[PDB]
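Quick note: residue numbers are just sequence positions, from 1. As a basis for the values below, the full set of heavy atoms in this structure was taken, side chains included, without hydrogen atoms, waters or symmetry mates. Atoms within a ligand are numbered from 1 in the order they appear, just like the ligands themselves.
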Amino acid sequence: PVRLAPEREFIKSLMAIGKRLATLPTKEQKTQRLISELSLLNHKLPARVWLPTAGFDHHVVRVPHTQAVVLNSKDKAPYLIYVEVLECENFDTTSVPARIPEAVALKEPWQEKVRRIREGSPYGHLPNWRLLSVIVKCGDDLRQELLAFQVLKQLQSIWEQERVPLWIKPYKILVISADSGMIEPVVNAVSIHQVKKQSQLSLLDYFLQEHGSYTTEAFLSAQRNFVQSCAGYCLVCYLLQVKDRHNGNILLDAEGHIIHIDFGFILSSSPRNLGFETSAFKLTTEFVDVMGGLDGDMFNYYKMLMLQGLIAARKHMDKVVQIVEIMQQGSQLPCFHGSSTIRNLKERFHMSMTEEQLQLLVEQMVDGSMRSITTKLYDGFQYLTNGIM
Ligand SMILES: [Mg+2]
């Protein structure tokens with residue numbers, strides 16, 4: 001039978017490492033400790049233990065100790081590890097694999113990292129070898145992240161059911177204690193910040209260079225991916241009221257999708273903004289340009305997807321609300337503030353509106369999301385003065 005004590009000890013071992021990292025002040029010293037800690041871990045591998053974020057049956061065979069990184073200098077600094085596993089068909093009928101004798105991490109292309117680690121590993125030759133990643137957070141409450149994950153998965157199910165081609169990428173969350181857990185990061189994606197820094201290009205010119213020129217299938221495909229993911233995250237950001245959007249917490253993948261990460265401030269999280277914002281989702285000049293501009297066909301597609309996505313969401317509203325209620329009862333998180341949280345969430349599904357009214361609302365919301373475009377300061381004085389322009 002599959003024993004749970006080995007798994008418990010495995011997970012505990014990852015969390016124990018963090019307490020020892022906390023004894024050191026700088027990220028550099030923490031990283032040095034972490035490498036040594038993971039080296040010890042390999043004494044006990046392979047074993048009948050698994051990474052629950054895998055999503056497929058496997059055994060852990062190795063942790064490439066030199067490849068792990070601590071992410072900051074905080075007392076309970078997150079740390080990122082890579083974990084080698086051997087996939088198996090059926091866990092409970094598979095034997096434990098035999099042991100085989102023996103800044104850049106974030107920017108570096110995933111396929112390059114997989115290549116190097118595979119080359120260095122005694123297990124890298126096996127066809128069922130896979131590389132996983134987790135970020136261990138010993139001092140962060142991840143229950144808000146878990147709630148977001150659950151809601152994001154439900155929206156994907158809803159959009160699939162309603163045949164709306166919105167795209168999002170939920171990332172897996174394990175809640176360990178009330179103030180610790182793990183995350184499976186999104187790989188093969190780079191923050192918008194880093195893409196722009198390394199390339200010194202606008203997003204459009206980056207797309208043109210990386211995917212292809214205007215007349216190419218690759219450009220159009222990438223543009224479509226961008227639009228579908230933009231619309232998906234627009235709706236995520238609105239319905240869950242995700243704050244603190246910037247180019248550090250929006251990632252771009254190799255297919256042209258954007259991916260929002262870090263839902264620290266959702267629903268009734270403090271501080272509530274004072275800027276009369278509908279959402280922290282912003283549509284910048286750069287983003288609109290990737291979509292072919294304000295009069296662009298792909299921008300029109302964006303707006304259509306937003307409408308159809310919202311129609312789909314309200315059609316299945318109870319499936320989302322239930323998730324949030326189940327969490328609110330079981331826990332007591334800072335994203336909740338009494339009974340107004342659920343009321344306000346339901347109100348964002350606009351159940352009283354006709355689809356005609358919803359369409360007008362979407363036009364309004366999209367206009368709002370573009371308010372920080374310089375042109376808006378330039379071209380909206382009719383609302384601020386008795387002039388008609
Ligand atoms: Mg006026």
Around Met351, counting heavy atoms of other residues, nucleotides and ligands shown, do more than 12 lie under 6.0 Å from its CE?
-> yes
Going by an N to O cut-off under 4.0 Å, is there a salt bridge joining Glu277 and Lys243?
-> no
Residues passing the salt bridge (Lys or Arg N to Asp or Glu O under 4.0 Å) test with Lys44, sequence neighbours excluded, are none
Stepwise, does the salt bridge (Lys or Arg N to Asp or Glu O under 4.0 Å) test hold for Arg116 with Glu119?
-> CA-CA 5 Å; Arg116 174 174 72 261; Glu119 179 190 353; over 6 Å; no
Count of N, O or S atoms belonging to protein, less than 2.8 Å from the Mg ion (ligand 1) = 3
May I ask you to decide if the ring planes of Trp110 and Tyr82 are parallel, tilted or perpendicular, using 30° and 60° as cut-offs?
-> tilted
Counting distance only, does the side-chain N/O of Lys172 pair as donor-acceptor with the main-chain N or O of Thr53 below 3.5 Å?
-> yes
